[PDB]
Ligand code: HEM
Ligand code: HEM
Ligand SMILES: Cc1cc(N)nc(CCc2cc(F)cc(CC[C@@H]3C[C@H](F)CN3)c2)c1
Ligand SMILES: Cc1cc(N)nc(CCc2cc(F)cc(CC[C@@H]3C[C@H](F)CN3)c2)c1
Ligand SMILES: C[C@H](O)[C@H](O)[C@H]1CNc2nc(N)[nH]c(=O)c2N1
Ligand SMILES: C[C@H](O)[C@H](O)[C@H]1CNc2nc(N)[nH]c(=O)c2N1
Ligand SMILES: [Zn+2]
């Protein structure tokens, strides 16, 4: 019931006690592990609020104090009266940083405390959402010296007035089905691109067309906005040794910014909460460029390298994969856009994990997501046992809005 | 109940009903997932249900469920348990059980081959010398001059747990490791402790970088005995690179036959504490883990030097670059010497086909994603995108404590 995790490369063992605060369910049971599955009233609210407020006032060394008891009473009053309640700015900031701290699938959590929280709970229209998101983008991009940030829109009330960003990320490229049968652009985004065209977007039908924002305020129908082109920092991808690489026409955007998750704090739900940091190189070069269901350029790069593509055992896919990922890091570094390589990021996560066990009693971590999608065992996270459990505050998945929105 | 798994690359959705037949526990709870934890005397009381379950499975597979032969066998095993507190498997049941233990091995990517396992029955063995002879014949048969063949040798089952047969080696063929006084290691750092045991037991160590360890063999609970595998039975492959002629000068070689010898085979409640089994290598087991783990031979630095890669910052991906070239050399060398080996692309594509086949005809295929995904180039292999369900069926291979921690010494 108190748990050990071993690192099999260094022989270090850590003792996890933080998991005994787990509040949500994992999807696993004693008979079956689901660790690789991508997606496994007033009475409910006050215990949720009490538990968050208890950890908040414990974190500020004011547990059981007058201010603690007074807030507890005031929140209790507000829930009986107004069915819900509002977070103080300090609680909102704490709740947001801790949601990131608790994100077991995130390798970049060594940075969790330096998050810039933008309170957008005064937003009332989709036009306001767009201004708040443009400012987020500009602040976070910061001319390429990227800064972590989240923008928090008004909390769910009765579920019929949700704020939602319909895009999965603030910045993504469109995908179009060709009459051909092939796919132009990002195949991950074909459906959402269809909804943009359905809502009236004029698609350039290019290969790297930054999608528009589809913003929903107060449960209203979503509206379309285009991020100002000069706020979208992009990087042309070249290779430090292959002059021909630039001829592939590849570029990627600088800012990874997740916009479709749900932030839970003290039982309150923030259905629109875009957050951003900076890329790990392999997110672009391994997944975006080489997934079969994405831009899928492995074959092309390998042909320009003149590799023996007859047999898998020449490892031509592996060789091209390394080169694509060399180019991605070289291009971002050359253009002075913040990026981290998977060796640096995983080494940082180990230091962070040690810090969390030492100062917090544990660190929930999902090995399937923490280990990078290339060169797994030469990063130190590969040899690190990890316990996965669900702490709150938390980022959570939510249904795509077009499947739930009454139009 | 029905459970579904999605492949996120192809959108194939499969439905698992086989998990309903799972008895053993996983280590996970509704509140914690232990999916990345490495490792998370039996009275007549529980033995007969375990026998009855295995025998029902066996007679179902041969389409004889409920037959007179089935009912007689159950009656026979029942009486043998109440009389003798244990029972003996027929040869057919032992073969079936060992194949299915492999079939159920959720961490094994090679399971497409599970039905082509050569089972060597060594249940008549009584001494360590006899174990040695059986193991030599396994190595010779399985090596097959480089045309490798899967095999398992099964020694007598546990009785009171005071007379266990055990192979003390973790693998039949492994290289020694020697801790130097200066802290460095010569040979395989993984095997330092076992090497010391061998030396303590009287092994005269050559003290080179690639010394094949002796077998340390325990029969009927007696103290273990040292035996040197005949070197002509130990097929080895010198590692060279198809384009880099300096690679041969690194002096690397590996053995051809991977053979796990420290696991326990459970069949119908019987425990076979000595059951070495062997197949052939996936390239990355040698080129990624054995050569490039920091806790193993750890040659990335040297190889990257010889390629004169920019090593001053990890952002050059020099580690990734040298990793691919080492794994190219390992596959090139085994293929050149006509020793069986599979690359991780071929191996994972085959496992996907096997798993889909298993879903259709068996209703499930337990799989441990953490172990199935190769240790390099994970997402350009089709298992990366494949959701998997991990659960424990019997017959099964289980871990067991190392014998030097449990063995009662005689002297
Ligand atoms: C600052 C640099 C950051 C880096 C290098 C980083 C890295 C990553 C990576 C590699 C993943 C795996 C996701 C995938 O492969 O698709 C991930 C997931 C995630 N990150 Fe971080 N991240 C950063 C910042 C942040 C921030 C600022 C937040 C929230 C405030 C955050 C929250 C999350 C969450 C919730 C997930 C899991 C998403 C899911 O389950 O789909 N990350 N991160
Ligand atoms: C025929 C070719 C085979 C291939 C290519 C293969 C491949 C693999 C690989 C790559 C692993 C992970 C090993 C590690 O990372 O340490 C593994 C594990 C395993 N294999 Fe296979 N294997 C083969 C044959 C067999 C056979 C014949 C058996 C048993 C009869 C078997 C049973 C297992 C088991 C039980 C594990 C789990 C080991 C553990 O939990 O530590 N495999 N296999
Ligand atoms: C802030 C941030 C920083 C960073 N450095 N990186 C990311 C990307 C993390 C991420 C989060 C998600 F919520 C979803 C994705 C991609 C969704 C796909 C859908 C597939 F099914 C598998 N994942 C990526 C975000
Ligand atoms: C039959 C077979 C074929 C193949 N192609 N490959 C293997 C390797 C499987 C294996 C199982 C083990 F039980 C242990 C190892 C190596 C020991 C390390 C040390 C740690 F304990 C973790 N495993 C390898 C086996
Ligand atoms: C901690 C972690 O489970 C450990 O490093 C595992 C990860 N996956 C693995 N996968 C394979 N095939 N072999 C291994 O030894 C391991 N080690
Ligand atoms: C099936 C499997 O869960 C799926 O491919 C996961 C594996 N690990 C991952 N890891 C990260 N970081 N991101 C991902 O999208 C995935 N996808
Ligand atoms: Zn689990």
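Basis: the model, the stated rules and, where named, an outside source; these are not laboratory values. Counting neighbours? That spans all protein chains shown, and the Cβs are built from the backbone with ideal geometry, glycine included.
Quick rundown of the values:
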item: Tally of residues being surrounded by 17 or more Cβ atoms within 10 Å (Cβ to Cβ) and part of a loop (DSSP other than H, G, I, E, B) across the stretch B:184-200; result: 1
item: Options A:19, A:31, A:68; residue that is under 30 Å from residue B:2 (Cα atoms) and out of contact with any strand residue (DSSP E or B) (no Cβ under 8 Å at 6 or more places or on another chain); result: A:31
item: Of residues in the stretch B:292-316 being in a loop (DSSP other than H, G, I, E, B) and over 31 Å from the mean Cα position of the chain (by Cα), the one farthest from ligand 6 (Cβ to nearest atom); result: B:308
item: The one condition in (1) surrounded by 15 or more Cβ atoms within 10 Å (Cβ to Cβ); (2) assigned by CATH to the domain that holds residue A:290 that residue A:241 fails to fulfil; result: (1)
item: Selection count where residues are within 14 Å of ligand 1 (Cβ to nearest atom) and either closer than 28 Å to residue A:164 by Cβ or in the same structural domain as residue A:108 (by CATH) (or both), scope the stretch A:375-407; result: 11
item: Test: residue in the stretch A:40-60 that is within 16 Å of ligand 6 (Cβ to nearest atom) and part of a loop (DSSP other than H, G, I, E, B); result: yes
item: Unique residue being crowded, with 19+ Cβ neighbours inside 10 Å and assigned to a helix (DSSP H, G or I) when the list is B:142, B:69; result: B:142
item: Residues located in the stretch A:4-15, provided they are crowded, with 16+ Cβ neighbours inside 10 Å and either out of contact with any helix residue (DSSP H, G or I) (no Cβ under 7 Å at 6 or more places or on another chain) or at the interface with chain B (Cβ under 9 Å from one of its Cβ atoms) (or both); result: A:5, A:6, A:9
item: Scope the stretch A:34-68; condition within 14 Å of chain B (Cβ to nearest Cβ) and out of contact with any helix residue (DSSP H, G or I) (no Cβ under 9 Å at 6 or more places or on another chain); matching residues; result: A:34, A:37, A:38, A:39, A:40
item: Among residues of the stretch B:223-233, those that are surrounded by fewer than 16 Cβ atoms within 10 Å (Cβ to Cβ) and not in a helix (DSSP H, G or I), counted; result: 3
item: Any chance residue B:410 is assigned to a loop (DSSP other than H, G, I, E, B), surrounded by fewer than 16 Cβ atoms within 10 Å (Cβ to Cβ), more than 11 Å from chain A (Cβ to nearest Cβ) and over 24 Å from the mean Cα position of the chain (by Cα); result: yes
item: Candidate set: the stretch A:292-305, residues that are facing another protein chain (nearest Cβ under 10 Å) and touching a helix residue (DSSP H, G or I) at 6+ places or on another chain (Cβ under 6 Å); chosen: the one nearest to ligand 4 (Cβ to nearest atom); result: A:298
item: Within the stretch A:317-407, helices (runs of 4 or more DSSP H) holding 3 or more residues that are touching a helix residue (DSSP H, G or I) at 6+ places or on another chain (Cβ under 7 Å) and within 12 Å of another protein chain (Cβ to nearest Cβ); result: A:342-360, A:367-370
item: Count of residues meeting criterion [within 28 Å of residue A:225 (Cα to Cα), assigned to a helix (DSSP H, G or I) and either within 14 Å of another protein chain (Cβ to nearest Cβ) or away from ligand 3 (no atom under 13 Å from the Cβ) (or both)] in the stretch A:94-127; result: 2
item: Filter result for residue B:268 (outside the structural domain of residue B:142 (by CATH), on the phi > 0 side of the Ramachandran plot and buried (at least 20 other Cβ atoms within 10 Å of the Cβ)); result: yes
